[PDB]
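K.L.:
Can you read through this structure? Questions will come right after.
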Amino acid sequence: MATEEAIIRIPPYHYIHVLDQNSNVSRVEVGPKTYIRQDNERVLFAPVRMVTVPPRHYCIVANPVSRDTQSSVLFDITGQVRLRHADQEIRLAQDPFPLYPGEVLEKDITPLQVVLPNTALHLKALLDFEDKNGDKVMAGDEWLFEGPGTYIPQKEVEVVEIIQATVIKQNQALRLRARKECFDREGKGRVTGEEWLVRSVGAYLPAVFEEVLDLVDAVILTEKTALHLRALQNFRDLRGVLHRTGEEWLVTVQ
Amino acid sequence: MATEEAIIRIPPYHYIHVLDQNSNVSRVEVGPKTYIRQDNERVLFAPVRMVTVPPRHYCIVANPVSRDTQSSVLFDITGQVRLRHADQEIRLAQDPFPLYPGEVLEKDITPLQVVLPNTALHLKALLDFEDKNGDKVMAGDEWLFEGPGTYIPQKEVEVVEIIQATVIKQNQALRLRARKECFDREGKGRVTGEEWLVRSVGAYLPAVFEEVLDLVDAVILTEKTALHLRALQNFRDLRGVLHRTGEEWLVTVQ
Amino acid sequence: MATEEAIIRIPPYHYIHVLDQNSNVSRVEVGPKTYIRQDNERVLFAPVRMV
C-alpha cells in the first residue's frame with residue numbers, strides 16, 4: 001500500500017509520515033509519529049503514509065514574535081507527565097525542538113508588554129481555574145495587570161489593554177460608575193451602578209470600575225466666591241457634614 | 001452481498017460498518033456496531049454495510065464550543081448501567097472518546113456563561129423532574145441562575161437571559177408585575193397581577209417578577225414643596241399611616 | 001516500494017512474498033519467507049515482494 005520515500009529533504013524543513021500504521025501502548029501518547037530532520041528520508045517501510053511538506057519551522061525568533069499550538073506531549077520528565085492531545089500549549093524562545101504529528105489550533109503571537117501608567121491588561125478566565133503563580137482562580141472572573149513585563153498568552157482572554165486616567169491634583173478628580181457587585185479596589189465602599197470619586201493623582205481604572213468623566217473643582221479660596229450646591233442623595237460631604245437631598249448649601253473658604 | 005472494505009483511513013476520521021448484520025443479545029445494547037480508528041480497515045466480512053465517511057471528529061474544543069447528542073451507552077462502569085437509545089446526552093472536553101452507530105439529536109453549543117448583575121438565566125424544566133445536584137425538581141417549573149459559572153445545557157430549556165434592572169437610591173425604586181400566584185422573592189406579600197416596589201439599589205428580576213417601570217421620586221425636602229397624593233387602595237404608607245382609597249394627603253419634609 | 005496484496009487465494013494454491021525484506025539470525029535458515037495457505041492474504045507490510 002505505498003512507495004519508498006527515498007527523497008532529499010532540507011535541514012529546517014518538515015515531513016509527515018507513518019500516519020496510517022499502528023501507534024504505541026500505555027501513557028506514551030506517540031500516535032502516528034513523524035520527523036523533521038536534516039537527512040535524506042530513507043524509508044524502511046513502504047506501508048507508511050506520505051504527506052508532502054516542503055517549508056516549515058520550529059523557530060521562535062528570539063523572545064519576540066513567539067508561538068503557540070495544540071499540545072503534542074511526546075517527551076516528558078519525572079515531574080510533568082502532561083496530557084498530550086487533550087490540552088492546548090503556548091511557546092517561548094526556550095523551545096527550538098523539532099515539530100510533531102498531532103498539532104492543531106495555532107499561530108504566532110508577538111509577546112506585547114506594558115508597564116504601570118503605560119497600559120494595563122484586562123484578563124479573564126475563558127475556562128480557567130488556577131493556572132498561575134501561588135494560588136487558585138474562581139470561575140470565569142477577571143484580573144488586573146500593572147507593572148513591568150508580560151505573561152503566558154494562555155487560559156485567559158484579555159478584555160483589552162487600558163490606557164489609564166490621569167489626574168492633576170486640586171484641579172481634578174475622577175468619576176467611576178461601579179458595574180458589578182464590585183467591591184471598591186481603593187476602599188471598603190461598593191454598590192452596583194453607584195458613583196465614585198478619585199482624590200489620588202494619576203491612577204488606573206480597576207477592571208470593575210469605569211472612568212465616567214474627569215471633573216475639575218471650582219476654586220473658592222476666593223473671598224470673592226462661594227459655591228451653590230444641591231445635595232442629591234443623603235450623605236456627608238468631603239468635610240463630613242450631614243446632608244439631605246434637595247437641601248441647598250453654599251461652600252466658601254473653609 | 002458486498003465488497004471487502006480494505007481501505008486506508010486516517011486516525012481521527014470516522015467510518016460506519018456492519019449496519020446490516022445481526023446485533024447483540026441481553027442488555028448489551030450494541031446494535032449494528034461501527035468503528036472510528038487509526039488503522040487500515042481490514043474487513044473479515046464482506047456482507048457488512050459500508051457507510052462512506054472521510055471527515056469526522058470526537059473533538060470538544062476545550063470546555064467552550066462543546067457538544068451534545070442522542071445517547072449511545074456501550075461502555076458502563078459498576079456505578080452506572082445506562083439506557084443507550086432511549087436517552088439523550090450532553091458532552092464536554094472531558095469526553096474525547098470516539099463515535100458510535102446510534103447518534104441522532106446533536107450540535108455544537110458553546111456553554112455560555114454569566115455572573116452577578118451582568119446577566120441572569122431563566123431556566124425551566126422541559127420534561128425534567130430531578131436532574132440537578134442535591135435534590136429533586138417538581139414538574140416543569142422555572143428557576144433562576146445568578147453568580148459565577150454555567151452548567152449542563154440538557155434537561156432544562158432556558159426562557160432567556162435577563163439583563164437586570166438598576167436603581168439609584170432616593171432617585172429610584174422599581175415596579176414589578178407579579179404574574180403567577182408568585183410568592184415574593186424578597187418578602188412575604190404576594191398575589192397574581194399585583195404591583196411592587198423595589199427599595200434596594202441595583203437588582204435582578206426573579207423569574208415570576210416582571211420589570212414594569214422604574215419610578216423616580218419627587219424631591220420634597222424643600223420648604224417650598226409638598227406632594228399631593230391619592231390613595232388607590234386601602235393601605236399603610238412608607239411611614240406606616242392608615243389610608244383609604246380616594247383619600248388625599250400631602251407629603252412634606254417629614 | 002509496493003502494494004497491499006489483499007487478494008483472494010485458494011487452499012492448495014501457493015504464493016511467494018517477503019523475498020525483498022530481511023531474513024533471520026543464527027542457524028534458523030529462514031531467508032525471505034513465504035506461505036501456501038487456505039485464506040485471504042492480508043499483508044501487514046507494503047514493502048513485501050509480490051510473486
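By convention here, the chains of the C-alpha cells are called A, B, ... in the order presented, each chain's residues are numbered starting at 1, and ligands are numbered starting at 1 in the order presented.
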Find the spatial neighbours of stretch 138-141 of chain B, counting only C-alpha atoms, within a cut-off of 6 Å - ignore same-chain residues fewer than 5 positions away - and output them as a PyMOL selection string.

P.N.:
chain B and resi 124-126+129

K.L.:
Create the file for the chosen residues now, containing C-alpha atoms and written as a PDB file, in the first residue's frame.

P.N.:
```
ATOM      1  CA  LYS B 124     -37.337  25.923  33.041  1.00  0.00           C
ATOM      2  CA  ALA B 125     -37.848  22.126  33.071  1.00  0.00           C
ATOM      3  CA  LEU B 126     -38.916  20.991  29.536  1.00  0.00           C
ATOM      4  CA  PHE B 129     -38.203  16.104  37.287  1.00  0.00           C
TER       5      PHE B 129
END
```

K.L.:
What parts of chain C does DSSP call strand (DSSP E or B)? I'd like the answer as a list in words.

P.N.:
residues 2, 7, 15, 35 and 41 of chain C

K.L.:
Compute the set of chain B residues within 10 Å of chain C, using only C-alpha atoms, and express it as a PyMOL selection string.

P.N.:
chain B and resi 4+6+40+42-44

K.L.:
Taking only C-alpha atoms into account, find every residue of chain A that has an atom no more than 6 Å from chain B, and write it out as an NGL selection string.

P.N.:
:A and (20-21 or 139 or 180 or 192 or 246)

K.L.:
How would the residues just chosen look if you wrote them out with C-alpha atoms as a PDB file, in the first residue's frame?

P.N.:
```pdb
ATOM      1  CA  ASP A  20      -1.593   5.145   8.757  1.00  0.00           C
ATOM      2  CA  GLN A  21       0.292   2.420  10.714  1.00  0.00           C
ATOM      3  CA  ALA A 139     -14.772  30.614  37.712  1.00  0.00           C
ATOM      4  CA  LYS A 180     -20.915  44.720  39.239  1.00  0.00           C
ATOM      5  CA  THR A 192     -23.594  48.269  41.618  1.00  0.00           C
ATOM      6  CA  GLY A 246     -32.606  68.908  47.716  1.00  0.00           C
TER       7      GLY A 246
END
```

K.L.:
With only C-alpha atoms as the counted atoms, please give the residues lying no more than 10 Å from residue A:250, apart from itself and same-chain residues fewer than 5 positions off, as number ranges by chain.

P.N.:
A: 225-230

K.L.:
Restricting the calculation to only C-alpha atoms, which member of A:156, A:211, A:142, A:29 is positioned closest to residue A:81?

P.N.:
A:29

K.L.:
By how many Å are atom CA of residue A:200 and atom CA of residue A:144 apart?

P.N.:
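Spanning atom CA of residue A:200 to atom CA of residue A:144 is a straight-line distance of 18.6 Å.
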
K.L.:
As a count of residues only, please: the residues near residue C:30 (cut-off 12 Å, only C-alpha atoms, same-chain neighbours under 5 positions excluded).

P.N.:
7

K.L.:
Just the number, please: distance in Å from atom CA of residue B:83 to atom CA of residue B:101, one decimal.

P.N.:
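About the pair atom CA of residue B:83 and atom CA of residue B:101: they are 14.6 Å apart.
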
K.L.:
For each of B:71, B:136, B:120, B:172, take the minimum atom-to-atom distance to residue B:159, counting only C-alpha atoms, then give the residue where this is smallest.

P.N.:
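The answer is B:120, which sits nearest to residue B:159.
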